Amino acid sequence: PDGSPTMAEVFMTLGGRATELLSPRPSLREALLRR
Amino acid sequence: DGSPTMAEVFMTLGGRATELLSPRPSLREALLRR
Amino acid sequence: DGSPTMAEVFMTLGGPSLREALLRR
Amino acid sequence: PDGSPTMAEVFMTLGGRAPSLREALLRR
Amino acid sequence: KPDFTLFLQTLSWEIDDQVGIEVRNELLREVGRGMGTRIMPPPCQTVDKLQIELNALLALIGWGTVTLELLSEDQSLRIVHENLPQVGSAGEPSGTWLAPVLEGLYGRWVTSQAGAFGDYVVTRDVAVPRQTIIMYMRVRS
Amino acid sequence: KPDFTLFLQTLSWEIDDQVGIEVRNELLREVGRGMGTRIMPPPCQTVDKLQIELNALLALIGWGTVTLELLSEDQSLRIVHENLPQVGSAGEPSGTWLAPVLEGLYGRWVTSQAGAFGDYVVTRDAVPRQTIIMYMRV
Amino acid sequence: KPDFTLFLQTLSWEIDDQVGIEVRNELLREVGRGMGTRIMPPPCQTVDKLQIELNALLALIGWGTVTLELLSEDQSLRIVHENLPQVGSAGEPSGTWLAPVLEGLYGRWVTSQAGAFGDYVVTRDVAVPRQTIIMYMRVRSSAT
Amino acid sequence: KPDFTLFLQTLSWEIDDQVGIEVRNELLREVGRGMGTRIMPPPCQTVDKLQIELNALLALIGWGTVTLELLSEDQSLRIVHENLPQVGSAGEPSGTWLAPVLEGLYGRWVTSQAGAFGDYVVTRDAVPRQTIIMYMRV
Amino acid sequence: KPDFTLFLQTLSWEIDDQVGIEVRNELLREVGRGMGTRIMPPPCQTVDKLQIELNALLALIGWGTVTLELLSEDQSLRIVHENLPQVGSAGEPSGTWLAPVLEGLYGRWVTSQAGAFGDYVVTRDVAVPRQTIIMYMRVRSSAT
Amino acid sequence: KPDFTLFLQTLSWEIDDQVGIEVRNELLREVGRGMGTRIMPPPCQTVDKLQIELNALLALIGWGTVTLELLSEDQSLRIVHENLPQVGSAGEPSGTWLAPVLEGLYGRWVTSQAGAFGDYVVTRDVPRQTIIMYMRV
Amino acid sequence: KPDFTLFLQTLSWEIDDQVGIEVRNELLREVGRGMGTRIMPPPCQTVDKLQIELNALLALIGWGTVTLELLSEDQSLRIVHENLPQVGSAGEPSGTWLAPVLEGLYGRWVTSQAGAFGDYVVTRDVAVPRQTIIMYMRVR
Amino acid sequence: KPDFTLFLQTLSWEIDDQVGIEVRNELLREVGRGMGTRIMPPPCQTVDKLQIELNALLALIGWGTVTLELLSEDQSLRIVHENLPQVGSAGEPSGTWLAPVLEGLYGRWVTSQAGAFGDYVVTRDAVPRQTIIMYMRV
């Protein structure tokens with residue numbers, strides 16, 4: 001986006017539960033339409 | 001439905017709500033129009 | 001000190017009597 | 001109270017307000 | 001589950017004996033506003049949707065049914081509540097002791113909707129059944 | 001059937017906020033005495049029969065169960081009421097707001113001239129939260 | 001009175017089939033937050049009073065019982081919910097499909113007692129009974 | 001017994017906010033088909049027997065009543081469902097949120113190869129608010 | 001230090017020319033709420049302490065001074081802001097273009113001291129100096 | 001003196017969130033033109049004199065420095081504006097939210113009929129706060 | 001404007017003389033945490049935007065400049081603060097008395113961003129200019 | 001020039017939260033006497049000259065202005081300090097948190113033995129908020 005890591009990327013890299021909470025997942029609309 | 005909207009109800013009841021719920025354009029719509 | 005508390009302010013904004021009537025009886 | 005923590009105490013503990021400066025100053 | 005009908009009958013009798021009608025009505029309106037604070041409808045878009053949500057809330061506690069109508073010429077919201085719970089012969093008319101509770105509850109419920117601004121008053125209109133309560137809401141002048 | 005649990009919660013909140021504790025306690029004792037004039041037990045000459053009749057009345061109104069015992073140290077009456085209806089977090093202790101109602105109700109029920117305990121006086125004094133202990137003393 | 005048990009079993013099955021666990025959990029957490037928006041406890045002074053009020057709210061809908069305990073050393077609020085409604089053999093573990101609903105519901109209910117803008121999160125603690133849910137409430141993030 | 005009315009109200013509002021109407025309707029039709037796989041009527045040869053069995057199933061789950069009418073013009077079947085459960089003001093019309101569930105349920109129930117219908121298609125239509133009318137055509 | 005006085009004068013002129021008064025007022029109220037989000041006062045216990053902290057916050061950006069008073073009979077919080085920054089001749093009255101910003105700012109700042117979810121509105125009161133802004137904070141949509 | 005830095009940051013965020021980028025850029029270009037209608041340089045027949053006058057105006061408002069060069073390849077005007085005021089992280093690149101204003105400003109400052117730089121149309125193209133724009137006939 | 005430089009020098013002297021180093025460090029970390037709750041950045045998207053907003057906040061009080069850099073292999077957020085205000089010769093090194101405050105301040109500033117969860121720790125490093133403070137942010 | 005107003009506000013908040021008032025006042029008096037050892041007036045034999053020198057020092061540090069009065073009923077000095085720097089709402093009254101600092105500073109400044117007021121002791125006593133009145137008695 002701007003040549004810099006995103007905040008989500010930063011907190012995923014730092015570790016903890018965030019790397020599991022910030023994992024990219026579809027929204028309800030996208031998940032329902034995809035199936 | 002054929003029932004009035006809540007905004008219409010509060011405009012009809014009177015007070016200052018009839019002025020704050022006066023339909024107005026958004027910033028994007030107003031900027032695009034003029 | 002000498003001024004209303006913030007809880008008092010928000011109770012005043014949100015907010016004979018029952019106590020007086022019960023005392024009279 | 002009623003033998004139970006207050007809500008203000010609960011949120012102070014959750015925030016983290018639950019040696020020390022007071023003890024160090026008293027000792028000195 | 002406990003039955004509070006006899007207790008509420010005795011409480012209404014004692015309150016009406018000790019305090020006046022106006023004090024009891026004000027206390028019951030305060031109780032109704034508190035009850036509206038406890039349980040609230042979602043932010044509705046039309047009168048029909050708000051009526052459905054209010055009826056669902058009433059059926060949650062079994063306090064009756066409600067119909068809402070907008071009177072443009074009268075500039076008011078007519079609220080007709082049917083099957084108000086009856087606790088003894090107290091009230092004016094007899095059996096309608098919990099009517100100021102309805103006044104406060106409906107005032108809090110409708111004023112919480114988006115678009116409401118200022119001071120509003122819900123008054124009871126005094127043919128209809130005994131437990132049917134008709135209220136009119138309008139801006140407090 | 002209308003549900004008055006939420007209404008009674010809000011009413012207890014408002015009454016405690018407005019008038020306080022002692023005035024509320026006296027009002028609820030008066031309400032209990034008035035309830036004692038609506039449903040009454042038959043004249044009972046023994047503690048066991050009176051306990052059975054009071055339990056029948058409580059089952060009629062669904063307000064819990066009661067055990068009565070006669071203490072011979074002063075011929076007093078100890079009343080243990082279990083499963084008092086809970087009308088919110090109000091009261092002392094919390095959840096016990098209808099205890100003065102029980103005080104008045106048992107004062108009216110127990111003290112009957114045709115019975116054998118018509119000269120007693122109510123007094124509320126590891127037990128469960130809704131269990132209420134009362135003492136009848138001459 | 002209509003019964004929604006079979007409908008909710010089928011809906012849980014369908015949602016788990018066409019939607020992953022995380023998306024379903026997020027949707028149910030938002031549903032719990034909306035439910036807490038709809039029904040509120042009064043402003044309580046102590047944990048015992050709040051527990052009594054929340055138990056009354058739960059008994060209003062028959063969704064079980066709750067116990068609250070403030071853990072000072074853990075700096076959290078342990079929330080033990082017993083007798084969660086069961087909507088079939090769905091959830092982790094099976095029969096606990098409505099646990100994120102509890103997460104959102106309790107988050108809203110206890111945040112209602114907090115200050116104007118507090119950042120708190122309710123997290124499910126993953127021989128506890130099957131329908132008993134253990135949750136911890138604490139700040140979303142902090143530094144030392 | 002737990003109450004799911006408030007939960008279903010909030011769930012309907014959230015689903016309407018998140019996915020819209022058509023996606024929600026397809027999801028509810030899938031749920032109705034799954035429900036039809038949960039509970040099934042016996043293979044009926046006449047319309048009246050099928051109506052009786054469908055009403056028995058509806059009374060078992062408490063979702064209302066149904067009337068089936070066999071039209072002798074286009075050989076289609078008119079299905080009128082009364083007293084559909086209401087969950088808030090969601091749906092079109094308001095309160096008829098579980099109507100696609102009825103669509104799927106009746107599509108599964110009526111179309112039984114061992115019965116006398118086999119191949120049919122559900123097409124949803126002074127009518128009461130909770131009354132749902134759908135048409136069964138080949 | 002860049003000077004934004006002329007830029008803000010031109011921006012106010014152009015915003016008034018293109019969009020209406022209501023749209024500009026709503027945008028400025030949103031900006032004021034965001035500004036309040038940027039800078040917070042500490043949790044205060046009295047009106048005097050809150051006034052002192054708000055005055056310190058205003059002096060941090062040099063946006064004037066504030067006085068708070070409680071009207072129990074009117075059930076309001078009278079807010080009198082003095083020395084509002086002036087950006088051109090725009091606004092009603094002229095020179096008071098940044099008043100909805102004050103409305104949003106004071107609404108956010110005083111709501112920060114309230115409960116978890118409060119419904120309050122700060123409305124400008126439409127002799128008094130030109131740059132002095134008088135507003136009242138009330139609950140929204142009360143009923144009796 | 002009142003400080004508008006925080007206010008401008010919040011206003012830029014709100015405008016960018018509400019109307020987008022192209023609408024915001026057009027509004028800021030109009031604002032720059034209006035600003036140029038309020039402060040103007042004298043008519044200059046030479047790039048050096050015009051540069052000096054524009055720098056004097058910028059120093060009057062404290063909005064940075066400008067360098068003007070004439071490209072003989074197409075007789076274009078290269079404008080290098082350094083030390084543009086920064087209001088938050090808005091804009092592309094971040095911190096260059098007020099860059100369109102310069103397009104409105106210089107487009108009115110340079111294209112003076114009484115001067116020797118009639119016509120010319122500004123087009124925006126280094127340090128973060130340095131803005132490069134071109135004027136083409 | 002009143003000048004607090006001499007008062008802060010004397011306050012640092014008396015605090016260091018009266019309480020220990022760790023007590024003072026914890027007090028200053030708490031002060032920085034409280035400072036972070038009074039001035040806050042907006043919810044930023046990337047590291048560069050967060051750096052710009054934090055620099056604007058620091059310029060609002062004139063406490064210096066900051067640079068943020070994500071270390072993926074080391075799994076931390078290196079924070080380099082330049083031109084920390086100096087109040088006397090107190091601190092380790094001398095003149096860095098207010099260094100723990102930054103540890104609180106940035107600790108509140110980054111954990112308030114969207115995506116942060118759990119416990120984090122901001123630790124200062126123990127060529128570099130005297131007033132330049134280097135801190136690393138990790139998960140606790 | 002770094003701005004320490006917000007830092008001082010937060011520090012006063014935290015110190016008042018942690019240690020209280022008496023301990024905080026003693027610490028601030030310590031800080032005031034320490035400040036006195038860093039800036040000192042010349043030895044003055046006259047109250048007017050001492051007032052001029054103290055005002056010069058205050059202008060050097062920007063901490064308001066002072067007025068000294070030598071009362072005749074008792075050999076005591078009334079010290080009126082106007083425009084005390086305000087750091088938040090901490091202090092008693094709110095806004096006056098650096099008043100014990102003034103107590104220590106004026107105890108150190110006035111009691112120079114090379115002058116004439118070397119045996120005085122500070123005792124802090126319509127008035128503006130940031131105006132501090134203290135008394136120095138032999």
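Naming convention: chains lettered A, B, ... in sequence-line order (proteins, then strands); numbering from 1 in each chain.
The closest donor-acceptor contact from the side chain of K49(I) to the backbone of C44(I) lies at 3.5 Å or more, if one exists at all. Judged by distance alone, the side chain of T5(C) and the main-chain N or O of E8(C) form a donor-acceptor pair under 3.5 Å. Under a 3.5 Å cut-off, the side chain of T10(L) and the backbone N or O of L6(L) do form a donor-acceptor pair. In this structure, the side chain of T96(K) does not engage the main chain of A99(K) through any donor-acceptor pair within 3.5 Å.
Every residue two or more places apart in sequence or in another chain that forms a side-chain hydrogen bond (donor to acceptor under 3.5 Å, both in side chains) with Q131(I) is listed here: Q86(I). When the salt bridge (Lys or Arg N to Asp or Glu O under 4.0 Å) test is applied to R27(D), no partner is found at least two apart in sequence or on another chain. Qualifying salt bridge (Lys or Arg N to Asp or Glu O under 4.0 Å) partners for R129(L), counting only residues two or more places apart in sequence or in other chains: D48(I).
Within 6.0 Å of CH2 in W13(K) there are 12 or fewer heavy atoms belonging to other residues, nucleotides or ligands. Dense packing is recorded around CG of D17(L), with more than 12 heavy atoms of other residues, nucleotides or ligands lying under 6.0 Å away.
Looking only at side-chain heavy atoms (C-beta outward), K1(K) and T5(L) come within less than 4.5 Å of each other. Proximity of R138(K) to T123(K): side-chain heavy atoms (C-beta onward) are nowhere separated by under 4.5 Å. The closest side-chain heavy-atom distance from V110(L) to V122(L) is not below 4.5 Å. Counting heavy atoms from C-beta outward, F4(K) and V87(L) have side chains that approach closer than 4.5 Å. By the 4.5 Å heavy-atom criterion applied to side chains, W97(K) and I15(K) are counted as neighbours. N55(L) has its side chain out of reach of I52(L): every pair of non-hydrogen atoms, C-beta onward, lies at least 4.5 Å apart. Looking only at side-chain heavy atoms (C-beta outward), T132(K) and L84(K) stay at 4.5 Å or farther from each other. Residues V101(I) and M35(I) are in side-chain contact: their nearest non-hydrogen atoms beyond the backbone lie under 4.5 Å apart.
Applying the side chain to side chain donor-acceptor pair (under 3.5 Å) test to pairs two or more places apart or on separate chains, those with a residue in residues 106-118 of chain L are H81(L)-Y106(L). Screening residues 18-32 of chain K for salt bridge (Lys or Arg N to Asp or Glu O under 4.0 Å), with sequence neighbours left out, gives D16(K)-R24(K), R24(K)-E92(K), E26(K)-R29(K), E26(K)-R33(K), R29(K)-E103(K), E30(K)-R33(K).
Annotation: the span from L21(D) atom CG to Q18(K) atom CD amounts to 9.0 Å, rounded to 0.5 Å. Going from atom CD of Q9(L) over to atom OG of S89(L) covers 8.0 Å, rounded to the nearest 0.5 Å. In this structure, the separation between CD1 on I79(K) and CD1 on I133(K) is 12.5 Å, given to the nearest 0.5 Å. Here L58(I) contributes atom CG and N83(I) contributes atom CG; the two are 10.5 Å apart, rounded to the nearest 0.5 Å. Taking CG of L60(K) as the reference point, atom CD1 of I61(I) lies at 8.5 Å (rounded to 0.5 Å). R140(K) CZ to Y120(K) OH: the interatomic distance, rounded to the nearest 0.5 Å, is 12.5 Å.
Contact between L57(I) and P41(I) at its shortest, heavy atoms only, is CD1-N, 3.5 Å. The two residues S20(D) and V23(K) come nearest to each other via the heavy atoms C-CG1, 4.2 Å. Counting all heavy atoms, side chain and backbone alike, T46(I) lies closest to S3(C) at CB-OG, 3.7 Å. In terms of heavy atoms, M136(L) sits closest to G107(L) at CE-CA, 4.0 Å. Of all heavy-atom pairs spanning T37(K) and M40(I), the tightest one is O-CB, 3.6 Å.
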Donor-acceptor contacts, no H, no angles, side chain residues 62-78 of chain L, under 3.5 Å, sequence neighbours left out:
{"from": "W63(L)", "atom 1": "NE1", "to": "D3(K)", "atom 2": "O", "distance (Å)": "3.0"}
{"from": "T65(L)", "atom 1": "OG1", "to": "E82(L)", "atom 2": "OE1", "distance (Å)": "2.7"}
{"from": "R78(L)", "atom 1": "NH1", "to": "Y135(L)", "atom 2": "OH", "distance (Å)": "3.3"}

Query raised in the report: Step by step, would you call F117(L) with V138(L) a side chain to side chain contact (heavy atoms under 4.5 Å, CB included)?
Result: CA-CA 8 Å; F117(L) 324 92; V138(L) 194; over 6 Å; no
Requested in this report: Please assess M134(L) against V80(L) for the test side chain to side chain contact (heavy atoms under 4.5 Å, CB included), listing each intermediate value before the final yes or no.
Outcome: CA-CA 7 Å; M134(L) 323 150 258; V80(L) 180; over 6 Å; no
Requested in this report: Could you check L11(L) against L11(K) for side chain to side chain contact (heavy atoms under 4.5 Å, CB included), going step by step and ending with a plain yes or no?
Outcome: CA-CA 11 Å; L11(L) 173 97; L11(K) 181 60; 3.6 Å; yes
